[PDB]
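In: So I've got this experimental structure, pasted below with the sequence.
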Amino acid sequence: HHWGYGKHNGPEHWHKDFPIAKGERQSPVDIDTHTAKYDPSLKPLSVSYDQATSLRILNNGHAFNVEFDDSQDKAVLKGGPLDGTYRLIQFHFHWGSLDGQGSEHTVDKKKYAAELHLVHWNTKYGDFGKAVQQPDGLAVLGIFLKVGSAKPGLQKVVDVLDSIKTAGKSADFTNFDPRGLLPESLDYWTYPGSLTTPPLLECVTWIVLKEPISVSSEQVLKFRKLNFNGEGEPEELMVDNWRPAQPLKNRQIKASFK
Ligand code: NA
Ligand SMILES: [Zn+2]
């Protein structure tokens, strides 16, 4: 694709091809913890990932996605601010060239080393492509990563990255359990927003968990060895694939906790 994260095609340029970049409900945002409203009517999240079927891991030239079979209700998210059942389709990460940046959301302007996004679509719309056209079509669970102790359940992902180093490469990736990526607590903030890459559509209920997971310096190092380019093209390392925080405008971030 033409868009990317460089000097000449990065996020400050995206509005020329995708004018919704300057819309009213863009993501990510900074979560101001003292302005977020505790909402006692928000229900706990329900994460049902015991029957998840992972299929494939793909380098798509802007991140790597782990893709799941979403042809039945096997890995679903319900409850929280959601109405209805949302099926998991893929997860991916955003990360930095250094440990002090890489997350898309920030918490009181604090950046984390990386951010995991688990993407799910509302089954009332029948397929993902239809879901992205609706204001309640997607729910994305956002999880921050800080660098400290290794996360054992991430290691299977980092070990296959060698096989998808360049854009367009894919590998079989079966029997991966995404429960190994969740923090202990499911307390969260939620707001209405958008996809953070083109097409930047405003169809996302974001659910960002308060508790980060920790990963080791060696694990995040391995993300930084991937490439934005295709095989046999000049090497450009896949780092800093995050969009900066956007204006909150007329939105209220709600918290499930006090
Ligand atoms: Na994608
Ligand atoms: Zn993302």
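Out: The structure has been received and is ready for your questions. Numbers count the residues shown, from 1 in each chain. Ligands and ions are numbered 1, 2, ... in the order given.

In: which secondary structure element contains the residue most central in space within the chain?
Out: In the chain, the residue lying closest to the centroid (Cα atoms, centre = their mean) is residue 117, at 2.0 Å. Assigned by DSSP states H and E, residue 117 belongs to strand 114-122.

In: and the next element down the chain from that strand?
Out: helix 128-131.

In: angle of the helix or strand just after that following helix against strand 114-122?
Out: Of the helices and strands lying after helix 128-131 in sequence (DSSP H and E), the nearest is strand 138-147. Put simply, strand 138-147 runs at 160 degrees to strand 114-122, going by axes from the mean of the first three to the mean of the last three Cα atoms, to 10 degrees.

In: picking up where we left off before, please tell me I have it right and the residue nearest to the centre of the chain contacts residue 141.
Out: Yes. Using Cβ atoms under 8 Å, residue 117 makes contact with residue 141 at a distance of 7.3 Å. C-beta: built from backbone N, CA, C; applies to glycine.

In: And residue 43, how far from residue 199?
Out: Relative to residue 199, residue 43 is positioned 30 Å away (Cβ to Cβ, to the nearest Å).

In: Now do the phi/psi pair for the nearest residue to residue 22 once chain neighbours are set aside.
Out: Using Cβ to Cβ, 6 or more residues apart in numbering and skipping residues adjacent in sequence, the residue nearest residue 22 is residue 15, 5.1 Å away. Backbone dihedrals for residue 15, given as degrees, to the nearest 10, come out at phi -60, psi -20.

In: count of neighbours near residue 15?
Out: Other residues near residue 15 come to 13 when the count uses other Cβ atoms under 10 Å.

In: Residue 73 too?
Out: 13.

In: if I pick residue 114, what's in contact with it?
Out: 93, 94, 95, 96, 102, 103, 144, 145, 215, 220, 223 (Cβ atoms under 8 Å, 6 or more residues apart in numbering).
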